[PDB]
Amino acid sequence: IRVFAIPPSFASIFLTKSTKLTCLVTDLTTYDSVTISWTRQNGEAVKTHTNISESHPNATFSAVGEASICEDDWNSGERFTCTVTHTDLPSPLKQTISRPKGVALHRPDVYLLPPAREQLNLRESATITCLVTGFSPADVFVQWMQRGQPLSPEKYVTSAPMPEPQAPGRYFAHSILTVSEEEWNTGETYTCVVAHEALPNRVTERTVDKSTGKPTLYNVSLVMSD
Amino acid sequence: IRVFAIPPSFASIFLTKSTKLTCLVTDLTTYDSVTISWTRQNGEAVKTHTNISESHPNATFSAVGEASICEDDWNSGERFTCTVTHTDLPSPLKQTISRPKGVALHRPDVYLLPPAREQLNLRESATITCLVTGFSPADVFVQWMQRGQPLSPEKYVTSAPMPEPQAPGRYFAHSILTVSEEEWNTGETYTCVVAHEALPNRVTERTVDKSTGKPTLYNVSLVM
Amino acid sequence: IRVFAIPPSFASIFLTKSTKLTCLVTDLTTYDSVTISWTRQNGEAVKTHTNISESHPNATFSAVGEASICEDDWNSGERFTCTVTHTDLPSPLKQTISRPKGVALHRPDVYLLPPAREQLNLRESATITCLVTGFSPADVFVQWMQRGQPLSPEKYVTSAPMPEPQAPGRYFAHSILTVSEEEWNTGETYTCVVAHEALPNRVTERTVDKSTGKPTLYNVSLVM
Ligand SMILES: *[C@@H]1O[C@H](CO)[C@@H](O)[C@H](O)[C@H]1NC(C)=O
Ligand SMILES: *[C@@H]1O[C@H](CO)[C@@H](O)[C@H](O)[C@H]1NC(C)=O
Ligand SMILES: *[C@@H]1O[C@H](CO)[C@@H](O)[C@H](O)[C@H]1NC(C)=O
């Protein structure tokens, strides 16, 4: 009998821009006459929940609450609790979610790496990496754009934040993408954009193409008696 | 009343070449004098395990048995069963474990990338990455060999065998490694040793130095 | 009246991954109803011995069989026993074999050399050499590779572990590989891979090709 609470997430906030908070209840029998409500840091009235979920595959009930908040009061570090009154449990279950933060903040650093040439020999596909390092906290967002139109999410894949061995509590992440060498050997910018809270504009991007090196080759033809 | 066992992983094997099967008896009341045992497919007796574990600080007792077999037998697939006997446990319990032979077999193609040029400006650190793509099945093992002696795994980080979006039956992995700039500027071939059970010798290596990949600037042509 | 066996060897382990044991008989009059007993140090027996050989054509006798033991026992030092029974003498003939551990475990050093300049003028064949030096004991198991495809062992020849002239406790070997010049003129990376027991991963490979001898900084030319 445990209740999982999801605070607002950076990825959903940036993608949908319809900030939502939801806590789901687990390990409860398939009963009814159970109401779920949300409370703020002051425990004020909230919005009615919608989109009731179906029971778990192992024959236990499940439900999700819905409400709306704002960044101006979420960022203050205040707590948020959802009230669940299960029929079986006389004591209602309350879960608290907030953001203590107050941690060493720093801007993420973004680097792109062009595909290796030994991959660019069999002439099937190439992979481009976008390494985001030295950022705290977690909940960063990455997506790839080709000439303005974002790529279909089924194409690229992203890692998950993990600690840095040479930095106390500073995270790290990866992101790769595959394009045909047919397209690569012609031209495209393939921008990688990262959305993190610590950035001054919250958004930075860095792009790379096939012609980003070639440091001014030189040809000399000494001629004698010819 | 949770029973589990840890089959010997590929990394567990190659880390010490000391394949061994252990049983996880956790989420039970803290007790003493607990008996764990194994068996073969035909019911033959097993070797005398020892070096049992202790209780968790979370009011839980962990029992670990050290059962050792040979890699030939384990690959042949001798079906084992962790039998745990204790005063509190009412009845014996059985668990079956093996490998589902019949998986797709493919060779992991390894590509090695140098650090970013824009990173090599702060003169602080570099992150060389070892990308292993298009293998089958999972559980690949990667280590970082500078030259000669190996390096501790507390200073480099490895990903998990995440599935490849383009290749479903195939997978991929990422292994990074930090180093100060002065070490990157005096050689340090920094090879990446990766071992998978589909390569003919089960081990392969790749190397990349700072003076690698640089194109040919001059094209002198003496004329006479 | 002498009986000599064949201990398992490092190269025979890597060449087949089908380890066996063979104990041979010689200097005894040919006979029948001769059985060789295969019991371990602890006294228990092993799988039967097959492939009964034919007596040597020099008025002597021989017998060979097959076994299967995982290398954990051999590394631990489990003394295998081949008790041949002969009608020449009533007392059974018992012999055992083992391995020592008092050996310097230095690592081998591998160098490749390209074909001679004058050989690449007659335009018929070329020979490429892989050299090993400075190891102990005698466990080289050197083989060749191209494009990830193993080559037939007929095309390359390996030498014995000849000792060093100066170094007292070190040995060396050699290996050549004949190859067509027109094939050698278009890539064919042609790596050689050694496998000793003092190597941390027990496998090491080096490679050389045509482009191995270029400054990768400039391309001088002579046009007329
Ligand atoms: C390089 O120099 C040679 C000699 O002058 C000349 O024949 C050749 O065309 C030059 N290559 C380029 C790309 O200019
Ligand atoms: C280098 O010069 C040679 C002639 O000396 C020419 O064949 C070749 O195309 C040149 N390389 C490039 C990249 O143009
Ligand atoms: C260098 O010159 C030789 C001789 O003309 C030519 O075969 C070779 O392709 C050249 N290399 C490059 C990179 O142009």
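Residues numbered from 1 in each chain as written, not as in the entry; some residues may be left out. Chains lettered and ligands numbered in written order. Part of a larger assembly, values for the part shown. Heavy atoms only, no water. Residues with missing side-chain atoms left out of burial classes, pairs and counts.

Participant: Any chance you could break down the overall build of chain A for me, citing the residues and the numbers?
Facilitator: Each helix and strand in chain A was counted, giving 3 helices and 15 strands. Computed over its C-alpha atoms, the radius of gyration of chain A comes to 25 Å, more than 25% above the 17 Å expected for a compact globule of 226 residues. Viewed in the frame of its principal axes, chain A has a C-alpha envelope of about 105 × 40 × 35 Å. Split into buried and exposed, the 226 residues of chain A put 37% on the buried side. At a minimum sequence separation of 6, the contacts of chain A that also span at least 24 residues come to 62%. Total accessible area computed for chain A in this model is approximately 13,300 Å², and 53% of it derives from carbon and sulfur atoms. Of the charged side chains in chain A, 19 are positive and 24 negative, and the gap between their average positions amounts to 5 Å. (Helix = DSSP H or I, 4+ residues; strand = E, 2+ residues; numbered from the N terminus. Rg over C-alpha atoms; globule rule 2.2 N^0.38 Å. Buried < 20%, exposed > 50% of the residue type's maximum accessible area, 1.4 Å probe, protein only. Contact = heavy atoms within 4.5 Å. Areas by Shrake-Rupley, 256 points an atom, 1.4 Å probe, with all protein chains shown as cover. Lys, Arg positive; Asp, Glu negative; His and termini not counted. Charge placed at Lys NZ, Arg CZ, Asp CG, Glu CD.)

Participant: Describe the interface of chain B and chain C, listing the residues and the values that go with them.
Facilitator: Counting residues at the interface gives 22 residues for chain B and 18 residues for chain C. Summed over both partners, the interface of chain B with chain C buries about 1,700 Å², with 51% contributed by carbon and sulfur atoms. On the chain B side of the contact with chain C, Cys70(B), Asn201(B) and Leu222(B) bury the most area, a combined 25% of that side's loss. Counting across the interface, chain B meets chain C through 0 salt bridges. For the pair chain B and chain C, the interface holds 3 residue pairs in polar contact. Broken down by secondary-structure element, the contributors of at least two residues to the side of chain B that touches chain C are β17 (204-206) and β18 (222-223) of chain B. Here the residues of the side of chain B that touches chain C sort into 12 nonpolar, 6 polar and 4 charged. Here β18(B) pairs with strand β15 (residues 222-223) of chain C via 2 bridges, running parallel. Bridge pairing links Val223(B) to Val223(C) in β15(C). (Buried area = accessible area lost by both parts, 1.4 Å probe. Salt bridge = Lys/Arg side-chain N within 4 Å of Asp/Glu carboxyl O. Polar contact = N/O pair within 3.5 Å; in protein donor to acceptor, adjacent residues only side chain to side chain. Nonpolar A, V, L, I, M, F, W, Y, C, P; charged D, E, K, R; others polar. Pairing = 2+ DSSP bridges.)

Participant: Go over the sheet that holds strand β4 (residues 80-84) of chain C, please, and point to the residues and values.
Facilitator: All names here are of chain C. Here we have 3 strands laid out as an open sheet, ordered β3-β4-β5, and antiparallel in their pairing. At either end of the open sheet lies a strand with only one pairing partner, and these are β3 (36-39) and β5 (96-97). In this structure, β3 lies alongside β4, joined through 4 bridges in antiparallel fashion. In the strand pairing of β4, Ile36 is matched with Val84.

Participant: Pulling in residues and values, what's your account of the interface of chain A and chain B?
Facilitator: Taken together, the contact pairs 35 residues of chain A with 31 residues of chain B. Inspection of the region where chain A meets chain B yields 0 salt bridges. There are 8 residue pairs in polar contact connecting chain A and chain B. Secondary-structure elements contributing two or more residues to the side of chain A that touches chain B are β7 (109-113), β8 (126-135) and β13 (175-179) of chain A. A breakdown of the residues in the side of chain A that touches chain B according to their chemical character gives 18 nonpolar, 11 polar and 6 charged.

Participant: Explain the pattern of salt bridges to me, and be specific about the residues and the numbers.
Facilitator: What the rule picks out here adds up to 6 salt bridges over all chains. Of the charged contacts, one joins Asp73(A) and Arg40(A) as a salt bridge, the two residues approaching to 3.6 Å between their closest N and O atoms. Residue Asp73(A) is found in helix α2 (residues 71-74), and its partner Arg40(A) is found in the loop between β3 (35-39) and β4 (61-64); the two are separated by 33 residues along the sequence. Its salt-bridge partner being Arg147(C), residue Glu188(C) comes within 3.7 Å of it at the nearest N-O pair. Here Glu188(C), found in the loop between α4 (181-184) and β13 (191-194), pairs with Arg147(C), found in the loop between β8 (143-146) and β9 (149-150); they are 41 residues apart in sequence, far enough to count as distant. Here the salt bridges do not stand alone but share partners, grouping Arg40(C), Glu44(C) and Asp73(C) into one network.

Participant: Tell me what's going on with a positive patch on the surface, and back it up with residues and numbers.
Facilitator: A surface patch of positive charge is lined by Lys17(B), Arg202(B), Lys17(C) and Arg202(C). Within the secondary structure, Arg202(B) is located in the loop between β16 (191-195) and β17. For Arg202(B), a relative accessible area of 36% gives the class partly exposed. (Patch = residues over 30% accessible without salt bridge, like charges linked within 9 Å, V, L, I, M, F, W, Y side chains within 5 Å.)

Participant: I'd like a rundown of the environment of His86(B), residues and numbers included.
Facilitator: Residues and elements named next belong to chain B. Looking at where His86 falls in the secondary structure, it is placed in the loop between β7 (83-85) and β8 (109-113). For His86, a relative accessible area of 15% puts it in the buried group. Residue contacts for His86: discarding those within four places in its chain leaves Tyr31, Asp32, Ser33 and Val34. Among the polar contacts made by the side chain of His86, one reaches the main-chain carbonyl oxygen of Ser33 at a distance of 3.1 Å.

Participant: Account for the sheet that holds strand β9 (residues 141-146) of chain A, with residues named and values stated.
Facilitator: Pairing within the open sheet is antiparallel, and its 4 strands lie in the order β10-β9-β14-β15 (chain A). At either margin of the open sheet sits one strand with a lone partner, and together these are β10 (149-150) and β15 (203-207) of chain A.

Participant: Hey, could you go over the state of the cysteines for me, with residue numbers and the actual values?
Facilitator: For the structure shown, the criterion picks out 7 disulfides over all chains. Between the sulfur of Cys130(B) and that of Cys192(B) lies a disulfide, 2.0 Å long from S to S. Residues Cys130(B) and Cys192(B) share a disulfide whose torsion about the S-S bond is about -105 degrees; that sign makes it left-handed. Here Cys130(B) is found in strand β10 (residues 129-135), whereas its partner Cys192(B) is found in strand β16, with 62 residues between them in sequence. Since its relative accessible area comes to 0%, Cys192(B) is described here as buried. Taken in N- to C-terminal order, the disulfide-linked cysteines of chain A are connected 1-2, 3-4. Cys70(A) carries a free sulfur, and the closest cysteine sulfur to it, the one in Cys82(A), is 20 Å from it. (Disulfide = S-S within 2.5 Å.)

Don't take any of this as a statement about function, it's just geometry.
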